[PDB]
Number of protein chains: 2
Amino acid sequence: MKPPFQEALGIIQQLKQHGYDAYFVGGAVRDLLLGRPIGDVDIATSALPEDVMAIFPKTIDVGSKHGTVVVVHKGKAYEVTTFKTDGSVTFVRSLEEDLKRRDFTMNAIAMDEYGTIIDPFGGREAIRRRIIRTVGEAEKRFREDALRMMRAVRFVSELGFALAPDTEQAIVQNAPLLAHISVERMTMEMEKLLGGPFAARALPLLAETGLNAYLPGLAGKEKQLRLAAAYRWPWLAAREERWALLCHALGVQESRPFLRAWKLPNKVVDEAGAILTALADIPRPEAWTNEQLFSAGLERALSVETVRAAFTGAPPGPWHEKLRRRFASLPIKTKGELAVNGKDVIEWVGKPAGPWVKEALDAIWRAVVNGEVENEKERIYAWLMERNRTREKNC
Amino acid sequence: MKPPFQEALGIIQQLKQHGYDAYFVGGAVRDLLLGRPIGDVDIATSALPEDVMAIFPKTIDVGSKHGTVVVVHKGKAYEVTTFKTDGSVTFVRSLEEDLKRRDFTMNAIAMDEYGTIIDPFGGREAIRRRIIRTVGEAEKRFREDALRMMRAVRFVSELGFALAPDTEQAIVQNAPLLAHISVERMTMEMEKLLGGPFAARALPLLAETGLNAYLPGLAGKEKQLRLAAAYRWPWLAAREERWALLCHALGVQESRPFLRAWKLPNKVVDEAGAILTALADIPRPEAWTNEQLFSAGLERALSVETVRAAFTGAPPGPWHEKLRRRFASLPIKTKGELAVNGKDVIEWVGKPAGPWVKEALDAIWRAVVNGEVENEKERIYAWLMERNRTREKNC
Ligand SMILES: [Mg+2]
Ligand SMILES: [Mg+2]
């Protein structure tokens, strides 16, 4: 009885005492059998959502409409679910009828309070063999929910399982059905597929199956995806960096339109381009300039080099260290630190408040950062003065 | 800085460090200022749902669509909410614009990381004066959501605040608007209103305001409600017992149709009847009979006597003690304990399996429970035998 379940045992135990019968189902089970670290433990029971909210003090209705209720037990969230058969939804009392609705064998295992594995569908073999197989007719399933084909590729990314001959086949055959699923639900899948320690072979597959050309911006990029294999995906730390590379490997032009089609939140789509851009502008890690670095701000700067590593093959280490070094040598790290404010430049150059002011400060920092003049009021003054009569000798 | 908030401080603290600005808003605040034990601490912020799910490890999307996200911090659930103006919903950055959307003054208070109360709407005075006042035009508010009038009466139940002259007035005027709100949402409100330490005066009000005659089964019972005042509501322990009494005080006939209209879950509407029934059947606490008790099974039995107390004025104490005493003297406490099963009566009276069997066993327990015959196989046998030739001397 590994600690993940140990704690959550209570929930089962309690639901059983009130005469209900419940099981650990789900990834948690697979993850145990497979020997991955165990993430969320999930419980399913014959107890109806209400009965669940009656027995446990802290409850959190998430969707009692489809039989799910989150139960805060001993300071951890647990997803409790009333057995169901995907039609509205129908509640039953048969564990077996519930698992039979699950997506792929390796998911439809279950384990009881005593630790006794209940694999009625071969999950257990699927996991030994490291294979993704559909629970029932690979075809029929995909018809009910096309997104199921998405996840299949995803799982390949997160687990390094291989598709099943029949499963894989079916996908290609029913690929089109995808254009019916909301973009949203497509994003999240693609999102996980990209952090896969196997993404390196997930993306290719995405093309070798029909699935390509029904996903936003991935029209006919077949070639590009397969080539993607080489990219060192796994070192991508964060979301932006991920999408960043997704582009650069699809030889994408304008970042903005594309990433937006995937209905990603703005901040991402912006910071995505940010890097992509900075990446195109600086082609070599030696060439980062006090300016560009200052502009891009440490975080991004590093994220660039990493995206870059993800492509070159070169490890960031040395760069990341160097960047972090310089960044603390920049005699200013944000504009707010500038010794000298816009109203200082006005009272100084006897000129009315305008657009010329931007340009001014915009050249005072670029001059502080580049170590031309100190970041002290007095000195920036002379500096600006003696530079303005120079623009009278130049024209 | 009282412990309930002390712990949740972390959340604010972290959201501020990422440049967002958040506050304890809600009942928590009211409860502090009022001096009640503090229930759920609620946080609202300018950080958008996503930013919230980015910063905290364990998140639980409940409804990011309306700006709410549950954040499990240090082993407790906290309802975090992006500031909003009730239109779909519009997110802002002004705390003030958020509180301005809250139902009643006493709710629209807020407190900052340093413990500095922000009452921009008189909540703080409302709490001193112990009054329920609408945030803005009592009329306009009720038009947006009629249920707001419900809560108003509820709060009276939970708090013992009085309605505001203008608030109260408005309710009667816009009473009708209620029939537009889903029954579901009406039940929950009624539910809380019944557990009120001031329910005793909440139900009356419910009638003195239009609000009566738009709520299920509460058509023209005006009289009944006001009289309700006398009932010792507050000793009601559980849900059934509550509804039980709600009936008995409205002089309700058939429990089943009524309670159902309030879309209460079956188990309740059954156990409600259960008591209401056993209550009509046994009019005095001395009269419980081994049979009846055995039938109703300790729990309900007590629940009867309490519901009764809630009405008579007599304290349960002595009865609840006496019931609990007998119930362990009943020589059986369920039918499952019966020494003798139905297949025993068949191989015994050489007759084919039928309906006469029920009637048999159904008189063997009734005879065990009443202490006529032991609950041993042998002895029940003779007893059954020697009683069956008696049904030959009788006709
Ligand atoms: Mg968990
Ligand atoms: Mg809480």
# chains A, B, ... in the order shown; residues from 1 in each chain; ligands from 1
>>> interface_residues(of="chain A", to="chain B", cutoff="10 Å", atoms="only C-alpha atoms", output="short mmCIF file (atom, residue, chain, number, x, y, z; two decimals) with C-alpha atoms, in the first residue's frame")
data_model
loop_
_atom_site.label_atom_id
_atom_site.label_comp_id
_atom_site.auth_asym_id
_atom_site.auth_seq_id
_atom_site.Cartn_x
_atom_site.Cartn_y
_atom_site.Cartn_z
CA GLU A 50 -25.16 13.80 -3.06
CA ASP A 51 -24.32 10.79 -0.87
CA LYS A 58 -15.41 19.47 2.86
CA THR A 59 -16.90 18.85 -0.58
CA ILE A 60 -16.47 20.76 -3.81
CA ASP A 61 -19.15 20.21 -6.46
CA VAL A 62 -17.31 20.46 -9.77
CA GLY A 63 -19.85 18.68 -11.93
CA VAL A 70 -13.96 16.77 -5.53
CA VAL A 72 -10.96 17.46 0.22
CA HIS A 73 -9.73 14.73 2.54
CA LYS A 74 -6.86 15.18 5.01
CA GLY A 75 -5.71 18.27 3.12
CA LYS A 76 -5.64 16.79 -0.45
CA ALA A 77 -8.05 17.04 -3.36
CA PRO A 265 -3.95 33.19 -23.47
CA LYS A 267 0.53 36.64 -22.31
#
>>> residues_near_ligand(ligand="ligand 1", cutoff="9 Å", atoms="only C-alpha atoms and all ligand atoms", output="list in words")
residues 4, 39, 40, 41, 42, 76, 77, 78 and 79 of chain A; 58 of chain B
>>> calpha_fit_and_write(fixed="chain A", moving="chain B", output="compact mmCIF listing (two decimals) with C-alpha atoms, in the first residue's frame")
# COMPACT_ATOMS: atom_id res chain seq x y z
CA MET B 1 0.00 0.05 -0.07
CA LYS B 2 2.03 3.01 -1.36
CA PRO B 3 1.54 6.33 0.51
CA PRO B 4 -0.33 8.20 -2.28
CA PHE B 5 -3.19 5.68 -1.89
CA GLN B 6 -2.60 5.03 1.79
CA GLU B 7 -3.89 8.44 2.66
CA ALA B 8 -6.84 8.34 0.25
CA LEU B 9 -7.82 4.92 1.63
CA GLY B 10 -9.90 6.81 4.23
CA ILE B 11 -12.33 7.92 1.48
CA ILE B 12 -12.95 4.37 0.19
CA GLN B 13 -13.04 3.11 3.76
CA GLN B 14 -15.74 5.58 4.78
CA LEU B 15 -17.82 5.12 1.58
CA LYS B 16 -17.76 1.34 2.17
CA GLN B 17 -18.89 1.71 5.86
CA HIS B 18 -22.01 3.44 4.57
CA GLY B 19 -22.56 0.46 2.27
CA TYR B 20 -21.42 1.86 -1.07
CA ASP B 21 -18.27 0.14 -2.47
CA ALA B 22 -15.59 2.28 -4.14
CA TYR B 23 -12.23 1.90 -5.88
CA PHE B 24 -9.07 3.63 -6.89
CA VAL B 25 -9.46 3.83 -10.62
CA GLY B 26 -7.43 5.74 -13.16
CA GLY B 27 -3.92 6.88 -14.02
CA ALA B 28 -2.90 6.51 -10.40
CA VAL B 29 -3.36 2.78 -10.97
CA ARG B 30 -1.64 2.74 -14.31
CA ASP B 31 1.17 4.79 -12.82
CA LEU B 32 1.63 2.32 -9.96
CA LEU B 33 1.70 -0.75 -12.30
CA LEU B 34 3.91 1.16 -14.71
CA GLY B 35 6.23 2.41 -11.98
CA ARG B 36 5.89 6.18 -12.53
CA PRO B 37 5.61 8.60 -9.65
CA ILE B 38 1.94 8.71 -8.80
CA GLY B 39 0.10 11.92 -9.66
CA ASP B 40 -3.54 12.41 -8.75
CA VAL B 41 -5.24 9.54 -7.04
CA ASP B 42 -8.76 9.14 -8.36
CA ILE B 43 -11.73 7.39 -6.68
CA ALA B 44 -14.85 6.09 -8.36
CA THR B 45 -17.86 4.76 -6.43
CA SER B 46 -21.47 3.63 -6.67
CA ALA B 47 -22.36 6.34 -4.14
CA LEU B 48 -24.22 9.14 -5.84
CA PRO B 49 -22.78 12.67 -5.85
CA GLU B 50 -25.19 13.72 -3.06
CA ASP B 51 -24.32 10.77 -0.85
CA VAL B 52 -20.70 11.76 -1.40
CA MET B 53 -21.39 15.41 -0.32
CA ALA B 54 -23.33 14.08 2.67
CA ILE B 55 -20.54 11.89 4.10
CA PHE B 56 -17.48 14.10 3.75
CA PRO B 57 -17.30 17.45 5.50
CA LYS B 58 -15.47 19.49 2.85
CA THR B 59 -16.91 18.83 -0.59
CA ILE B 60 -16.53 20.79 -3.79
CA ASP B 61 -19.18 20.21 -6.44
CA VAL B 62 -17.33 20.41 -9.79
CA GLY B 63 -19.88 18.67 -11.98
CA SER B 64 -22.37 16.54 -10.05
CA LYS B 65 -24.20 16.61 -13.39
CA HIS B 66 -21.74 13.99 -14.79
CA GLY B 67 -21.00 12.27 -11.50
CA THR B 68 -17.82 14.00 -10.40
CA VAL B 69 -17.26 15.57 -6.97
CA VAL B 70 -14.06 16.85 -5.46
CA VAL B 71 -13.52 15.75 -1.90
CA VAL B 72 -10.98 17.47 0.25
CA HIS B 73 -9.78 14.73 2.56
CA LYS B 74 -6.93 15.25 5.06
CA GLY B 75 -5.85 18.36 3.15
CA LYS B 76 -5.72 16.97 -0.43
CA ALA B 77 -8.16 17.14 -3.37
CA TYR B 78 -9.61 13.89 -4.62
CA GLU B 79 -11.75 13.47 -7.68
CA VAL B 80 -14.63 11.16 -6.64
CA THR B 81 -16.97 9.87 -9.36
CA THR B 82 -20.23 7.97 -9.40
CA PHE B 83 -19.99 5.04 -11.85
CA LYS B 84 -21.35 5.95 -15.26
CA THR B 85 -22.08 4.76 -18.82
CA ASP B 86 -21.47 7.52 -21.48
CA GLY B 87 -24.88 8.08 -23.16
CA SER B 88 -26.93 13.09 -20.38
CA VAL B 89 -25.23 10.38 -18.29
CA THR B 90 -26.52 7.12 -16.69
CA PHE B 91 -25.38 6.09 -13.18
CA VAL B 92 -24.98 2.37 -12.35
CA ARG B 93 -23.63 0.10 -9.54
CA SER B 94 -21.22 -1.98 -11.65
CA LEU B 95 -17.59 -0.96 -11.51
CA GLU B 96 -17.18 -3.00 -14.66
CA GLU B 97 -19.69 -0.84 -16.52
CA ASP B 98 -17.66 2.26 -15.54
CA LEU B 99 -14.21 1.03 -16.60
CA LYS B 100 -15.82 -0.16 -19.84
CA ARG B 101 -16.38 3.52 -20.65
CA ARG B 102 -12.66 4.49 -20.20
CA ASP B 103 -10.49 5.59 -23.13
CA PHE B 104 -7.64 3.03 -23.32
CA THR B 105 -6.92 -0.28 -21.53
CA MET B 106 -3.97 1.03 -19.55
CA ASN B 107 -6.42 3.46 -18.03
CA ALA B 108 -9.29 1.18 -17.22
CA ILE B 109 -7.59 -0.61 -14.32
CA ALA B 110 -8.84 -0.37 -10.75
CA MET B 111 -7.69 -1.31 -7.29
CA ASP B 112 -9.57 -2.09 -4.08
CA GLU B 113 -9.05 -1.13 -0.42
CA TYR B 114 -7.00 -4.32 0.06
CA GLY B 115 -4.72 -3.54 -2.90
CA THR B 116 -6.26 -6.11 -5.27
CA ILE B 117 -5.89 -5.09 -8.92
CA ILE B 118 -8.95 -5.41 -11.08
CA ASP B 119 -8.00 -5.56 -14.71
CA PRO B 120 -10.95 -6.92 -16.69
CA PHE B 121 -9.70 -5.47 -20.04
CA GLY B 122 -6.02 -6.32 -20.44
CA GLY B 123 -4.67 -3.01 -19.21
CA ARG B 124 -2.19 -4.94 -17.08
CA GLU B 125 -0.82 -6.72 -20.23
CA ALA B 126 -0.95 -3.45 -22.16
CA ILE B 127 1.31 -1.94 -19.51
CA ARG B 128 3.78 -4.83 -19.54
CA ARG B 129 3.92 -4.56 -23.35
CA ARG B 130 3.90 -0.76 -23.16
CA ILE B 131 1.05 -0.26 -25.63
CA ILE B 132 -1.86 2.11 -26.09
CA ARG B 133 -4.97 0.12 -26.95
CA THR B 134 -8.58 1.23 -27.24
CA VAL B 135 -11.18 -0.19 -24.86
CA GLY B 136 -13.31 -1.95 -27.47
CA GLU B 137 -13.68 -0.98 -31.12
CA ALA B 138 -10.92 1.50 -31.91
CA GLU B 139 -13.24 2.84 -34.60
CA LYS B 140 -16.46 3.11 -32.56
CA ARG B 141 -14.64 4.90 -29.73
CA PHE B 142 -13.12 7.59 -31.94
CA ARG B 143 -16.61 8.24 -33.42
CA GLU B 144 -18.04 9.07 -29.96
CA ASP B 145 -15.10 11.38 -29.18
CA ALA B 146 -12.51 12.25 -31.83
CA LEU B 147 -10.31 13.87 -29.21
CA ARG B 148 -9.51 10.31 -28.04
CA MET B 149 -7.14 10.05 -31.02
CA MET B 150 -5.38 13.20 -29.84
CA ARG B 151 -4.71 11.79 -26.35
CA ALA B 152 -3.51 8.58 -27.96
CA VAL B 153 -0.58 10.48 -29.55
CA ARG B 154 -0.20 12.47 -26.36
CA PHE B 155 0.16 9.31 -24.28
CA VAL B 156 2.89 8.28 -26.63
CA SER B 157 4.56 11.53 -25.63
CA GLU B 158 4.11 11.11 -21.88
CA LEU B 159 4.63 7.45 -21.62
CA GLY B 160 6.63 6.21 -24.59
CA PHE B 161 4.06 3.57 -25.32
CA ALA B 162 3.49 2.69 -28.93
CA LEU B 163 0.10 2.80 -30.64
CA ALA B 164 -1.63 -0.49 -31.37
CA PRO B 165 -1.69 -1.62 -35.04
CA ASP B 166 -5.53 -1.48 -35.11
CA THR B 167 -5.67 1.69 -32.96
CA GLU B 168 -3.14 3.55 -35.10
CA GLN B 169 -4.92 2.39 -38.26
CA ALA B 170 -8.34 3.53 -37.04
CA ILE B 171 -6.97 7.02 -36.31
CA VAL B 172 -5.90 7.69 -39.91
CA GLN B 173 -9.27 6.39 -41.12
CA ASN B 174 -11.28 8.65 -38.80
CA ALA B 175 -8.84 11.55 -38.60
CA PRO B 176 -11.35 14.09 -40.06
CA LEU B 177 -13.70 13.83 -37.07
CA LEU B 178 -11.35 16.18 -35.19
CA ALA B 179 -12.57 19.46 -36.72
CA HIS B 180 -15.75 18.90 -34.67
CA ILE B 181 -13.96 19.27 -31.31
CA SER B 182 -13.56 22.69 -29.73
CA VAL B 183 -10.16 24.33 -30.21
CA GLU B 184 -9.88 24.76 -26.44
CA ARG B 185 -9.88 21.02 -25.83
CA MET B 186 -7.30 20.61 -28.66
CA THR B 187 -4.89 23.10 -27.09
CA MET B 188 -4.68 21.36 -23.72
CA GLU B 189 -3.83 18.07 -25.49
CA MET B 190 -1.21 19.60 -27.72
CA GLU B 191 0.11 21.37 -24.57
CA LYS B 192 0.79 18.09 -22.73
CA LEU B 193 2.06 16.38 -25.86
CA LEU B 194 4.78 19.04 -26.10
CA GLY B 195 6.07 18.41 -22.51
CA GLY B 196 6.32 14.72 -23.25
CA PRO B 197 9.64 13.06 -22.58
CA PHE B 198 8.76 11.37 -25.87
CA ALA B 199 7.45 14.40 -27.71
CA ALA B 200 10.44 13.82 -29.90
CA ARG B 201 8.39 11.04 -31.52
CA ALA B 202 4.90 12.24 -30.74
CA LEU B 203 4.90 15.08 -33.23
CA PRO B 204 6.05 12.84 -36.07
CA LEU B 205 3.25 10.33 -35.33
CA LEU B 206 0.82 13.24 -35.29
CA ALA B 207 1.64 13.42 -39.02
CA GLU B 208 1.98 9.70 -39.91
CA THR B 209 -1.62 9.54 -38.66
CA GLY B 210 -4.27 11.63 -40.36
CA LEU B 211 -4.33 13.82 -37.19
CA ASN B 212 -2.22 16.45 -38.85
CA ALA B 213 -4.19 19.02 -40.94
CA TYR B 214 -7.15 19.16 -38.56
CA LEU B 215 -5.14 20.96 -35.88
CA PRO B 216 -4.71 24.74 -36.03
CA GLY B 217 -1.99 25.98 -38.37
CA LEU B 218 -0.79 22.41 -38.89
CA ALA B 219 -1.99 22.26 -42.49
CA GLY B 220 0.29 20.15 -44.72
CA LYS B 221 3.40 20.78 -42.56
CA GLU B 222 3.85 16.97 -42.67
CA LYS B 223 7.52 17.31 -43.60
CA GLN B 224 8.24 19.85 -40.85
CA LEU B 225 6.77 17.68 -38.06
CA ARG B 226 8.77 14.55 -38.90
CA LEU B 227 11.94 16.58 -38.99
CA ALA B 228 10.96 17.93 -35.64
CA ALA B 229 12.18 14.64 -34.21
CA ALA B 230 15.72 16.07 -33.91
CA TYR B 231 14.84 18.93 -31.52
CA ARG B 232 15.84 18.49 -27.91
CA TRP B 233 12.19 19.15 -26.75
CA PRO B 234 12.61 17.80 -23.18
CA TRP B 235 14.92 20.67 -22.09
CA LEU B 236 12.10 23.08 -22.74
CA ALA B 237 11.13 24.28 -19.22
CA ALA B 238 8.02 26.31 -19.80
CA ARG B 239 4.95 26.80 -21.96
CA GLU B 240 6.16 29.73 -24.07
CA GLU B 241 9.47 28.03 -24.78
CA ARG B 242 7.58 25.02 -25.96
CA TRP B 243 5.34 26.87 -28.43
CA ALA B 244 8.33 28.94 -29.45
CA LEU B 245 10.09 25.84 -30.68
CA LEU B 246 6.90 24.42 -32.22
CA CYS B 247 6.94 27.39 -34.46
CA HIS B 248 10.66 27.46 -35.28
CA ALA B 249 10.44 23.79 -36.31
CA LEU B 250 7.45 24.33 -38.50
CA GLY B 251 9.33 27.24 -40.04
CA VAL B 252 6.48 29.57 -39.03
CA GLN B 253 6.47 33.15 -40.20
CA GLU B 254 4.29 35.48 -38.11
CA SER B 255 3.98 33.96 -34.63
CA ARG B 256 0.92 36.02 -33.62
CA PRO B 257 -1.81 34.68 -35.96
CA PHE B 258 -0.70 31.05 -35.58
CA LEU B 259 -0.47 30.73 -31.78
CA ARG B 260 -3.73 32.63 -31.47
CA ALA B 261 -5.57 30.06 -33.52
CA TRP B 262 -4.76 27.66 -30.69
CA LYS B 263 -6.67 30.09 -28.38
CA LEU B 264 -3.70 30.28 -26.01
CA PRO B 265 -3.90 33.11 -23.47
CA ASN B 266 -2.38 36.39 -24.67
CA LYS B 267 0.56 36.67 -22.30
CA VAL B 268 1.90 33.38 -23.73
CA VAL B 269 1.34 34.27 -27.39
CA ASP B 270 3.16 37.55 -26.77
CA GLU B 271 6.10 36.00 -24.79
CA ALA B 272 6.22 33.28 -27.36
CA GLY B 273 6.75 35.82 -30.17
CA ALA B 274 9.11 37.68 -27.84
CA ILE B 275 11.59 34.81 -27.94
CA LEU B 276 11.03 33.74 -31.50
CA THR B 277 11.85 37.38 -32.30
CA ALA B 278 14.91 37.87 -30.08
CA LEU B 279 16.01 34.46 -31.42
CA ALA B 280 15.91 35.61 -35.04
CA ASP B 281 17.55 38.91 -34.03
CA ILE B 282 20.48 37.42 -32.19
CA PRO B 283 21.81 34.39 -34.10
CA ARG B 284 24.68 33.53 -31.78
CA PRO B 285 24.91 33.43 -27.97
CA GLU B 286 28.13 35.47 -27.94
CA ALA B 287 26.34 38.40 -29.49
CA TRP B 288 23.90 39.37 -26.72
CA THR B 289 24.32 43.10 -26.10
CA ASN B 290 23.87 44.92 -22.92
CA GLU B 291 21.09 46.68 -24.84
CA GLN B 292 19.34 43.52 -26.04
CA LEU B 293 19.66 41.77 -22.74
CA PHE B 294 18.37 44.86 -20.90
CA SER B 295 15.54 44.90 -23.34
CA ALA B 296 14.55 41.31 -23.03
CA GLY B 297 14.98 41.04 -19.26
CA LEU B 298 16.95 38.09 -17.88
CA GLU B 299 14.13 35.52 -17.78
CA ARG B 300 13.34 35.68 -21.50
CA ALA B 301 16.99 36.00 -22.34
CA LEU B 302 17.59 32.61 -20.79
CA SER B 303 14.44 31.23 -22.35
CA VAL B 304 15.90 32.24 -25.74
CA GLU B 305 19.14 30.35 -25.14
CA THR B 306 17.28 27.25 -24.05
CA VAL B 307 14.96 27.31 -27.05
CA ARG B 308 18.15 27.65 -29.02
CA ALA B 309 19.73 24.70 -27.31
CA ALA B 310 16.57 22.73 -27.96
CA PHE B 311 17.45 23.19 -31.58
CA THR B 312 21.27 23.30 -31.94
CA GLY B 313 22.10 20.46 -29.60
CA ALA B 314 24.35 22.67 -27.49
CA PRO B 315 23.72 22.74 -23.77
CA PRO B 316 22.72 26.14 -22.26
CA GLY B 317 24.69 25.75 -19.05
CA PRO B 318 27.59 28.08 -19.99
CA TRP B 319 25.34 30.68 -21.63
CA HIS B 320 22.73 30.69 -18.92
CA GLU B 321 25.61 31.26 -16.52
CA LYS B 322 27.19 34.03 -18.57
CA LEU B 323 23.79 35.78 -19.09
CA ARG B 324 23.00 35.70 -15.40
CA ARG B 325 26.47 37.25 -14.88
CA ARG B 326 26.16 40.24 -17.16
CA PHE B 327 22.62 40.91 -16.12
CA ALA B 328 23.86 41.89 -12.64
CA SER B 329 26.57 44.02 -14.25
CA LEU B 330 24.09 46.06 -16.27
CA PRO B 331 24.26 49.36 -14.33
CA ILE B 332 20.47 49.36 -14.55
CA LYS B 333 18.05 46.42 -14.86
CA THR B 334 14.72 48.24 -15.56
CA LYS B 335 13.86 51.66 -16.89
CA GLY B 336 12.46 52.55 -13.46
CA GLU B 337 16.01 52.61 -12.09
CA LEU B 338 17.02 55.44 -14.40
CA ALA B 339 18.43 58.29 -12.29
CA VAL B 340 16.60 60.80 -14.44
CA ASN B 341 12.94 61.10 -15.31
CA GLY B 342 11.17 62.64 -18.32
CA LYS B 343 10.23 65.79 -16.39
CA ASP B 344 13.97 66.21 -15.80
CA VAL B 345 14.73 66.35 -19.53
CA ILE B 346 12.01 68.91 -20.04
CA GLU B 347 13.05 71.45 -17.41
CA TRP B 348 16.50 70.87 -18.92
CA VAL B 349 16.21 71.48 -22.67
CA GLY B 350 13.59 74.20 -22.33
CA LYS B 351 11.14 72.53 -24.70
CA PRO B 352 7.42 71.71 -24.33
CA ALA B 353 6.30 68.20 -23.30
CA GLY B 354 6.15 66.00 -26.41
CA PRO B 355 7.15 62.91 -28.41
CA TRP B 356 10.84 64.10 -28.69
CA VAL B 357 10.97 63.29 -24.92
CA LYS B 358 10.63 59.52 -25.41
CA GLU B 359 13.51 59.58 -27.93
CA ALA B 360 15.58 61.41 -25.32
CA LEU B 361 15.23 59.08 -22.37
CA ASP B 362 15.26 56.18 -24.82
CA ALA B 363 18.82 57.21 -25.51
CA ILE B 364 19.82 58.07 -21.95
CA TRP B 365 19.35 54.49 -20.69
CA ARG B 366 20.84 53.06 -23.87
CA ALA B 367 23.84 55.13 -22.82
CA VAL B 368 23.71 54.26 -19.19
CA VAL B 369 23.37 50.53 -19.95
CA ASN B 370 26.24 50.60 -22.43
CA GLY B 371 28.39 52.27 -19.79
CA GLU B 372 28.94 55.52 -21.71
CA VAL B 373 27.67 57.78 -18.90
CA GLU B 374 27.03 57.08 -15.19
CA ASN B 375 23.51 56.68 -13.85
CA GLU B 376 23.75 59.79 -11.78
CA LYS B 377 21.56 62.94 -12.35
CA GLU B 378 24.39 65.49 -12.63
CA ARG B 379 26.37 63.37 -15.08
CA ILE B 380 23.44 62.48 -17.32
CA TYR B 381 22.77 66.19 -17.49
CA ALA B 382 26.16 67.20 -18.91
CA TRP B 383 25.94 64.19 -21.19
CA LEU B 384 22.57 65.24 -22.57
CA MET B 385 23.62 68.82 -22.84
CA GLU B 386 26.92 68.26 -24.56
CA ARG B 387 25.25 65.85 -26.97
CA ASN B 388 22.55 68.32 -28.05
CA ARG B 389 24.99 70.94 -29.36
CA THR B 390 26.65 68.02 -31.22
CA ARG B 391 23.38 67.60 -33.17
CA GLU B 392 23.98 71.19 -34.33
CA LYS B 393 27.49 70.52 -35.61
CA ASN B 394 26.21 67.39 -37.45
CA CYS B 395 23.56 69.21 -39.58
>>> select_by_dssp(residues="range 74-159 of chain B", states="strand (DSSP E)", output="list in words")
residues 76, 77, 78, 79, 80, 81, 82, 84, 85, 86, 89, 90, 91, 110, 111, 131 and 132 of chain B
>>> select_by_dssp(residues="range 91-237 of chain B", states="helix (DSSP H, G or I)", output="PyMOL selection string")
chain B and resi 95-99+105-107+123-129+138-144+147-159+165-180+183-194+199-208+222-228+233-235
